[PDB]
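*Asks:* Take a look at the following structure, please.
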Amino acid sequence: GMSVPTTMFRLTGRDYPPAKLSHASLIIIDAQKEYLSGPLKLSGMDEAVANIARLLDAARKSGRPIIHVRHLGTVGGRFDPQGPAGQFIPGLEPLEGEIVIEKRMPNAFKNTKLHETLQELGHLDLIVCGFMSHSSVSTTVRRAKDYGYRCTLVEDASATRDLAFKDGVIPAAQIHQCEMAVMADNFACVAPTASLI
Amino acid sequence: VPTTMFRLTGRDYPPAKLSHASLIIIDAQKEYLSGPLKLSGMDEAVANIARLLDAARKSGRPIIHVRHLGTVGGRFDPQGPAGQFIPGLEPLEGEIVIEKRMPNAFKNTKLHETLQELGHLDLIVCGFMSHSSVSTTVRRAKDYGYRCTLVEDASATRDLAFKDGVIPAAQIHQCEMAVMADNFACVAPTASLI
């Protein structure tokens, strides 16, 4: 057969199974209207949002803990909390009983008590989705590793945008695939929505 | 060509000047020269770390060597070659050495204490692997309010598996440099700093 890279997980024998929704807490990062238009408009949003909605539906049907994260934002600015950009994406609004936090940093733990909350909920397995894959999602998943959580990142329920590399452009798909490979190497199980619901 | 999150939020800062900076070299160890963790483009990355070290030493700057602890039968075997510094990238007396177990070089280390003691908000970061310990450490440094400049040609990674196959080291590295430049560090070549 064909030789391929080995994940840090498999090399060290630290690979864990993907999360089962039935034993997990679901975390939806930054499902906000900022990402539907303007310079932060993300690629492949129709399907990523449809998949977040599927995960939410499944989590609610199953009675699982659900945590919604949003940017604190800036009044009159990006993720404006007094304007459309700070609002939840239609269909991805929280319901009564669900946890909702506001954060300043890409790391959703920093000054939010997300750690205390996840301790209280009692699950080491986290299912993670949202935006942007390379920034708040990547950072939060990495931080969760430090606290000993097992993350399963839902690759088709997350998105990013085209990024600059010097005076050129890397498509959103290429950024996203690279970050999914990076996550799978050493920071999370990476899985499609259909495998969880 | 896209703008950055930094510029959109007005949170962009200038690249570091070596004269006002602390230099951090992440895991410049022999593990990454051979074996399953052999990284791509190491000849030039190591030559550039050596250039940064030279320049930092000539100018009397704080230099922090982060080394991975390692384990018997694991990576960076601390009783064997893999755990040693790459030739030419060894510390000199009066430099700092910090041992770590996790990709985040702050976790269970005195790296934060040390950076605070050194006084410099500006960090020049290089080393290995770009997507794992380097990316993680630079992301964590944002939390503490540090300004990072990541030296893209003094860092490296390896080919990785994904759902649709194998992504070459060069592609991983370029994408992570674009990611870093969006929201986590100024990204600059070695030549611009020395």
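Ordering of the structure tokens sets the chain letters (A, B, ...), residue numbers begin anew at 1 in every chain, and ligands are numbered from 1 in the order given.
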Within 9 Å of chain B, which residues of chain A show up? Give each one with its shortest atom-to-atom distance in Å (one decimal) and the two atoms involved, counting only C-alpha atoms, rows by chain then rising residue number, as JSON lines.
*Replies:*
{"residue": "A:4", "atom": "CA", "partner": "B:161", "partner_atom": "CA", "distance": 6.8}
{"residue": "A:5", "atom": "CA", "partner": "B:160", "partner_atom": "CA", "distance": 5.5}
{"residue": "A:6", "atom": "CA", "partner": "B:161", "partner_atom": "CA", "distance": 7.2}
{"residue": "A:7", "atom": "CA", "partner": "B:161", "partner_atom": "CA", "distance": 7.3}
{"residue": "A:11", "atom": "CA", "partner": "B:36", "partner_atom": "CA", "distance": 8.9}
{"residue": "A:12", "atom": "CA", "partner": "B:74", "partner_atom": "CA", "distance": 7.1}
{"residue": "A:39", "atom": "CA", "partner": "B:3", "partner_atom": "CA", "distance": 7.5}
{"residue": "A:40", "atom": "CA", "partner": "B:5", "partner_atom": "CA", "distance": 8.3}
{"residue": "A:74", "atom": "CA", "partner": "B:9", "partner_atom": "CA", "distance": 8.8}
{"residue": "A:77", "atom": "CA", "partner": "B:9", "partner_atom": "CA", "distance": 7.8}
{"residue": "A:78", "atom": "CA", "partner": "B:9", "partner_atom": "CA", "distance": 6.9}
{"residue": "A:105", "atom": "CA", "partner": "B:143", "partner_atom": "CA", "distance": 7.0}
{"residue": "A:106", "atom": "CA", "partner": "B:139", "partner_atom": "CA", "distance": 8.4}
{"residue": "A:107", "atom": "CA", "partner": "B:143", "partner_atom": "CA", "distance": 7.6}
{"residue": "A:110", "atom": "CA", "partner": "B:143", "partner_atom": "CA", "distance": 7.2}
{"residue": "A:134", "atom": "CA", "partner": "B:179", "partner_atom": "CA", "distance": 6.3}
{"residue": "A:135", "atom": "CA", "partner": "B:183", "partner_atom": "CA", "distance": 7.1}
{"residue": "A:139", "atom": "CA", "partner": "B:139", "partner_atom": "CA", "distance": 6.6}
{"residue": "A:142", "atom": "CA", "partner": "B:136", "partner_atom": "CA", "distance": 6.8}
{"residue": "A:143", "atom": "CA", "partner": "B:140", "partner_atom": "CA", "distance": 8.2}
{"residue": "A:146", "atom": "CA", "partner": "B:107", "partner_atom": "CA", "distance": 7.4}
{"residue": "A:162", "atom": "CA", "partner": "B:2", "partner_atom": "CA", "distance": 6.9}
{"residue": "A:163", "atom": "CA", "partner": "B:2", "partner_atom": "CA", "distance": 5.7}
{"residue": "A:164", "atom": "CA", "partner": "B:2", "partner_atom": "CA", "distance": 5.1}
{"residue": "A:165", "atom": "CA", "partner": "B:178", "partner_atom": "CA", "distance": 5.1}
{"residue": "A:166", "atom": "CA", "partner": "B:178", "partner_atom": "CA", "distance": 8.1}
{"residue": "A:167", "atom": "CA", "partner": "B:1", "partner_atom": "CA", "distance": 6.5}
{"residue": "A:168", "atom": "CA", "partner": "B:1", "partner_atom": "CA", "distance": 6.0}
{"residue": "A:169", "atom": "CA", "partner": "B:1", "partner_atom": "CA", "distance": 5.8}
{"residue": "A:170", "atom": "CA", "partner": "B:175", "partner_atom": "CA", "distance": 7.3}
{"residue": "A:174", "atom": "CA", "partner": "B:175", "partner_atom": "CA", "distance": 7.6}
{"residue": "A:175", "atom": "CA", "partner": "B:175", "partner_atom": "CA", "distance": 5.7}
{"residue": "A:177", "atom": "CA", "partner": "B:162", "partner_atom": "CA", "distance": 7.4}
{"residue": "A:178", "atom": "CA", "partner": "B:172", "partner_atom": "CA", "distance": 5.8}
{"residue": "A:179", "atom": "CA", "partner": "B:176", "partner_atom": "CA", "distance": 7.9}
{"residue": "A:180", "atom": "CA", "partner": "B:162", "partner_atom": "CA", "distance": 7.2}
{"residue": "A:181", "atom": "CA", "partner": "B:162", "partner_atom": "CA", "distance": 4.9}
{"residue": "A:182", "atom": "CA", "partner": "B:131", "partner_atom": "CA", "distance": 6.4}
{"residue": "A:183", "atom": "CA", "partner": "B:132", "partner_atom": "CA", "distance": 8.9}
{"residue": "A:184", "atom": "CA", "partner": "B:162", "partner_atom": "CA", "distance": 7.6}
{"residue": "A:185", "atom": "CA", "partner": "B:160", "partner_atom": "CA", "distance": 7.4}
{"residue": "A:186", "atom": "CA", "partner": "B:132", "partner_atom": "CA", "distance": 7.5}
{"residue": "A:187", "atom": "CA", "partner": "B:132", "partner_atom": "CA", "distance": 8.7}
*Asks:* Could you give me, as number ranges by chain, the residues within 12 Å of residue 57 of chain A, counting only C-alpha atoms and dropping anything in the same chain fewer than 2 positions from it?
*Replies:* A: 21, 26, 50-55, 59-64, 66, 91-95, 193, 196-197
*Asks:* Dump C-alpha atoms for the selected residues as a CSV table (one decimal), in the first residue's frame?
*Replies:*
chain,number,residue,atom,x,y,z
A,21,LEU,CA,-23.5,13.2,20.7
A,26,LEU,CA,-22.2,20.8,21.8
A,50,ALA,CA,-27.6,23.9,7.4
A,51,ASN,CA,-25.3,21.5,9.3
A,52,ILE,CA,-25.2,23.6,12.5
A,53,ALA,CA,-29.0,23.5,12.3
A,54,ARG,CA,-28.9,19.7,12.0
A,55,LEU,CA,-26.5,19.4,15.0
A,59,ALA,CA,-28.8,17.9,20.3
A,60,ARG,CA,-32.2,19.3,21.3
A,61,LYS,CA,-34.0,16.1,20.5
A,62,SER,CA,-31.5,14.2,22.6
A,63,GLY,CA,-31.4,16.7,25.6
A,64,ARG,CA,-27.7,17.5,25.3
A,66,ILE,CA,-25.6,23.3,24.2
A,91,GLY,CA,-32.3,29.4,12.6
A,92,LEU,CA,-29.2,29.2,14.9
A,93,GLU,CA,-30.8,31.2,17.8
A,94,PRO,CA,-30.5,29.8,21.3
A,95,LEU,CA,-33.5,28.4,23.1
A,193,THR,CA,-22.1,16.2,10.5
A,196,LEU,CA,-22.9,12.4,14.5
A,197,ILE,CA,-26.7,12.8,14.0
*Asks:* Give me, as JSON lines, the closest atom pair and its distance (Å, one decimal) for every residue of segment 128-169 of chain B within a cut-off of 12 Å of segment 20-29 of chain B, counting only C-alpha atoms, rows sorted by chain and rising number.
*Replies:*
{"residue": "B:128", "atom": "CA", "partner": "B:26", "partner_atom": "CA", "distance": 5.8}
{"residue": "B:129", "atom": "CA", "partner": "B:27", "partner_atom": "CA", "distance": 8.0}
{"residue": "B:130", "atom": "CA", "partner": "B:26", "partner_atom": "CA", "distance": 9.4}
{"residue": "B:132", "atom": "CA", "partner": "B:26", "partner_atom": "CA", "distance": 10.7}
{"residue": "B:133", "atom": "CA", "partner": "B:26", "partner_atom": "CA", "distance": 7.6}
{"residue": "B:134", "atom": "CA", "partner": "B:26", "partner_atom": "CA", "distance": 6.8}
{"residue": "B:135", "atom": "CA", "partner": "B:26", "partner_atom": "CA", "distance": 10.6}
{"residue": "B:136", "atom": "CA", "partner": "B:26", "partner_atom": "CA", "distance": 11.2}
{"residue": "B:137", "atom": "CA", "partner": "B:26", "partner_atom": "CA", "distance": 9.1}
{"residue": "B:138", "atom": "CA", "partner": "B:24", "partner_atom": "CA", "distance": 10.5}
{"residue": "B:141", "atom": "CA", "partner": "B:24", "partner_atom": "CA", "distance": 11.8}
{"residue": "B:146", "atom": "CA", "partner": "B:21", "partner_atom": "CA", "distance": 10.8}
{"residue": "B:147", "atom": "CA", "partner": "B:21", "partner_atom": "CA", "distance": 9.6}
{"residue": "B:148", "atom": "CA", "partner": "B:21", "partner_atom": "CA", "distance": 9.5}
{"residue": "B:149", "atom": "CA", "partner": "B:21", "partner_atom": "CA", "distance": 9.6}
{"residue": "B:150", "atom": "CA", "partner": "B:24", "partner_atom": "CA", "distance": 9.7}
{"residue": "B:151", "atom": "CA", "partner": "B:25", "partner_atom": "CA", "distance": 10.2}
{"residue": "B:154", "atom": "CA", "partner": "B:25", "partner_atom": "CA", "distance": 9.2}
{"residue": "B:155", "atom": "CA", "partner": "B:26", "partner_atom": "CA", "distance": 8.9}
{"residue": "B:156", "atom": "CA", "partner": "B:28", "partner_atom": "CA", "distance": 10.5}
*Asks:* Excluding residue 89 of chain B and any residue of its chain fewer than 5 positions from it, enumerate the residues within 8 Å of it, using only C-alpha atoms, and give them as a VMD selection string.
*Replies:* chain B and resid 28 46 49 to 50 53
*Asks:* Among segment 23-101 of chain A, which ones does DSSP place in strand (DSSP E), written as number ranges by chain?
*Replies:* A: 24-29, 66-71, 99-101
*Asks:* Only N, CA, C and O atoms, please: the residues just picked out, written as a CSV table (one decimal), in the first residue's frame.
*Replies:*
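The new file selection19.csv reads:
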chain,number,residue,atom,x,y,z
A,24,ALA,N,-21.9,13.9,24.9
A,24,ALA,CA,-21.1,15.1,24.6
A,24,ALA,C,-21.8,16.4,25.0
A,24,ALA,O,-23.0,16.4,25.2
A,25,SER,N,-21.1,17.5,25.1
A,25,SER,CA,-21.6,18.9,25.1
A,25,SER,C,-21.3,19.5,23.7
A,25,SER,O,-20.3,19.3,23.1
A,26,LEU,N,-22.3,20.2,23.2
A,26,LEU,CA,-22.2,20.8,21.8
A,26,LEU,C,-21.9,22.3,22.0
A,26,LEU,O,-22.5,23.0,22.8
A,27,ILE,N,-20.9,22.7,21.3
A,27,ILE,CA,-20.4,24.1,21.3
A,27,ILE,C,-20.5,24.7,19.9
A,27,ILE,O,-19.9,24.2,19.0
A,28,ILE,N,-21.3,25.8,19.8
A,28,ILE,CA,-21.5,26.5,18.5
A,28,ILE,C,-20.8,27.8,18.6
A,28,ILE,O,-21.2,28.7,19.4
A,29,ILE,N,-19.7,28.0,17.8
A,29,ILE,CA,-18.9,29.2,17.9
A,29,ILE,C,-19.2,30.2,16.9
A,29,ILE,O,-19.1,30.0,15.6
A,66,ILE,N,-26.0,22.5,25.4
A,66,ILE,CA,-25.6,23.3,24.2
A,66,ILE,C,-25.1,24.6,24.6
A,66,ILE,O,-25.8,25.3,25.4
A,67,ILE,N,-23.9,25.0,24.1
A,67,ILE,CA,-23.2,26.3,24.4
A,67,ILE,C,-23.1,27.1,23.2
A,67,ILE,O,-22.5,26.6,22.2
A,68,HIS,N,-23.6,28.3,23.1
A,68,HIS,CA,-23.5,29.2,22.0
A,68,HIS,C,-22.5,30.3,22.5
A,68,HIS,O,-22.6,30.9,23.5
A,69,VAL,N,-21.5,30.5,21.6
A,69,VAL,CA,-20.5,31.5,21.8
A,69,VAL,C,-20.7,32.6,20.8
A,69,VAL,O,-20.9,32.3,19.6
A,70,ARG,N,-20.6,33.9,21.2
A,70,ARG,CA,-20.5,35.0,20.3
A,70,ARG,C,-19.5,36.0,20.6
A,70,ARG,O,-19.0,36.1,21.8
A,71,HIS,N,-19.1,36.8,19.7
A,71,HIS,CA,-18.2,38.0,19.9
A,71,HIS,C,-18.9,39.0,20.8
A,71,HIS,O,-20.1,39.3,20.6
A,99,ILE,N,-26.9,27.5,27.0
A,99,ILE,CA,-25.9,28.4,27.6
A,99,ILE,C,-25.4,29.4,26.4
A,99,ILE,O,-25.2,28.9,25.3
A,100,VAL,N,-25.2,30.6,26.8
A,100,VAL,CA,-24.8,31.6,25.8
A,100,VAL,C,-23.7,32.5,26.4
A,100,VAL,O,-24.0,33.1,27.5
A,101,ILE,N,-22.6,32.6,25.8
A,101,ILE,CA,-21.5,33.5,26.2
A,101,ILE,C,-21.0,34.4,25.2
A,101,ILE,O,-21.2,34.2,23.9
*Asks:* Near segment 156-159 of chain A, counting only C-alpha atoms, which residues have an atom at most 8 Å away, once you skip same-chain residues fewer than 3 positions from it, shown as JSON, numbers by chain?
*Replies:* {"A": [42, 43, 44, 45, 47, 48, 49, 50, 51, 52, 129, 130, 131, 132, 133, 172, 176, 192, 193]}
*Asks:* Print the selection's residues with C-alpha atoms to a file, as a PDB file, in the first residue's frame.
*Replies:*
ATOM      1  CA  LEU A  42     -17.429  33.197   4.683  1.00  0.00           C
ATOM      2  CA  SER A  43     -17.355  30.590   1.946  1.00  0.00           C
ATOM      3  CA  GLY A  44     -19.690  27.625   1.851  1.00  0.00           C
ATOM      4  CA  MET A  45     -22.010  29.172   4.447  1.00  0.00           C
ATOM      5  CA  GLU A  47     -24.223  24.251   3.880  1.00  0.00           C
ATOM      6  CA  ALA A  48     -22.266  24.982   7.041  1.00  0.00           C
ATOM      7  CA  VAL A  49     -25.295  26.751   8.540  1.00  0.00           C
ATOM      8  CA  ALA A  50     -27.615  23.943   7.435  1.00  0.00           C
ATOM      9  CA  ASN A  51     -25.261  21.518   9.260  1.00  0.00           C
ATOM     10  CA  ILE A  52     -25.166  23.586  12.459  1.00  0.00           C
ATOM     11  CA  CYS A 129     -18.607  23.815  15.162  1.00  0.00           C
ATOM     12  CA  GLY A 130     -18.737  27.410  13.876  1.00  0.00           C
ATOM     13  CA  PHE A 131     -16.620  30.247  12.678  1.00  0.00           C
ATOM     14  CA  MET A 132     -13.964  31.043  11.577  1.00  0.00           C
ATOM     15  CA  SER A 133     -12.304  27.665  11.359  1.00  0.00           C
ATOM     16  CA  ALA A 172     -11.133  29.501   1.672  1.00  0.00           C
ATOM     17  CA  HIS A 176     -10.144  25.111   5.636  1.00  0.00           C
ATOM     18  CA  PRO A 192     -18.746  15.225   9.138  1.00  0.00           C
ATOM     19  CA  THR A 193     -22.140  16.202  10.550  1.00  0.00           C
TER      20      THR A 193
END
*Asks:* Enter the distance from atom CA of residue 101 of chain B to atom CA of residue 77 of chain B, in Å, rounded to one decimal.
*Replies:*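 Spanning atom CA of residue 101 of chain B to atom CA of residue 77 of chain B is a straight-line distance of 12.3 Å.
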*Asks:* Using only C-alpha atoms, which protein or nucleic acid residues come within 6 Å of residue 45 of chain B? Drop anything in the same chain fewer than 2 positions from it, and give the result as an mmCIF file with N, CA and C atoms, in the first residue's frame.
*Replies:*
data_model
loop_
_atom_site.group_PDB
_atom_site.id
_atom_site.type_symbol
_atom_site.label_atom_id
_atom_site.label_comp_id
_atom_site.auth_asym_id
_atom_site.auth_seq_id
_atom_site.Cartn_x
_atom_site.Cartn_y
_atom_site.Cartn_z
ATOM 1 N N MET B 42 14.382 21.917 6.263
ATOM 2 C CA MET B 42 15.118 22.172 7.493
ATOM 3 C C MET B 42 16.459 22.821 7.275
ATOM 4 N N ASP B 43 17.178 22.482 6.203
ATOM 5 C CA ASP B 43 18.463 23.142 5.946
ATOM 6 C C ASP B 43 18.360 24.662 6.033
ATOM 7 N N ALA B 47 19.366 27.300 9.122
ATOM 8 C CA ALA B 47 20.315 28.378 8.784
ATOM 9 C C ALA B 47 19.753 29.731 9.208
ATOM 10 N N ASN B 48 18.442 29.920 9.045
ATOM 11 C CA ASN B 48 17.804 31.189 9.460
ATOM 12 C C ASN B 48 17.677 31.374 10.965
ATOM 13 N N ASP B 153 10.400 31.858 7.470
ATOM 14 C CA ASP B 153 11.472 31.056 6.853
ATOM 15 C C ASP B 153 12.464 30.502 7.893
ATOM 16 N N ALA B 154 12.121 30.650 9.165
ATOM 17 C CA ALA B 154 12.864 30.089 10.292
ATOM 18 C C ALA B 154 11.948 29.127 11.086
ATOM 19 N N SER B 155 10.991 28.539 10.395
ATOM 20 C CA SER B 155 10.006 27.607 10.954
ATOM 21 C C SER B 155 9.757 26.588 9.854
#
*Asks:* If I take atom CA of residue 185 of chain B and atom CA of residue 157 of chain B, how far is one from the other in Å, to one decimal?
*Replies:* 17.6 Å
*Asks:* Please indicate the distance in Å from atom CA of residue 1 of chain A to atom CA of residue 188 of chain A, rounded to one decimal place.
*Replies:*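 It comes out at 26.2 Å.
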*Asks:* Please list as a list in words every residue within 9 Å of residue 121 of chain A, counting only C-alpha atoms and excluding residues in the same chain fewer than 3 positions away.
*Replies:*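 So, after excluding close chain neighbours, the residues are residues 25, 65, 116, 117 and 118 of chain A.
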*Asks:* Residues at most 7 Å from segment 98-100 of chain B, counting only C-alpha atoms, excluding those fewer than 3 positions away in the same chain, as a list in words?
*Replies:*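 The residues that qualify are residues 65, 66, 67, 68, 69, 105 and 109 of chain B.
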*Asks:* Residues as selected, N, CA and C atoms, written as a tab-separated table (two decimals), in the first residue's frame, can you do that?
*Replies:*
chain	number	residue	atom	x	y	z
B	65	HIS	N	15.13	29.65	24.59
B	65	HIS	CA	15.07	28.39	23.93
B	65	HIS	C	14.04	27.54	24.64
B	66	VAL	N	12.97	27.23	23.92
B	66	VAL	CA	11.96	26.33	24.39
B	66	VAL	C	12.40	24.94	23.91
B	67	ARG	N	12.52	23.99	24.83
B	67	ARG	CA	12.86	22.61	24.42
B	67	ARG	C	11.73	21.71	24.92
B	68	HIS	N	11.41	20.72	24.12
B	68	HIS	CA	10.46	19.69	24.51
B	68	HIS	C	11.11	18.72	25.48
B	69	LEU	N	10.42	18.46	26.59
B	69	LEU	CA	10.94	17.49	27.58
B	69	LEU	C	11.25	16.07	27.07
B	105	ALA	N	3.48	26.45	24.74
B	105	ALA	CA	4.73	26.52	25.54
B	105	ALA	C	4.57	27.26	26.88
B	109	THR	N	4.74	25.84	32.43
B	109	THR	CA	6.10	26.35	32.30
B	109	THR	C	6.09	27.71	32.96
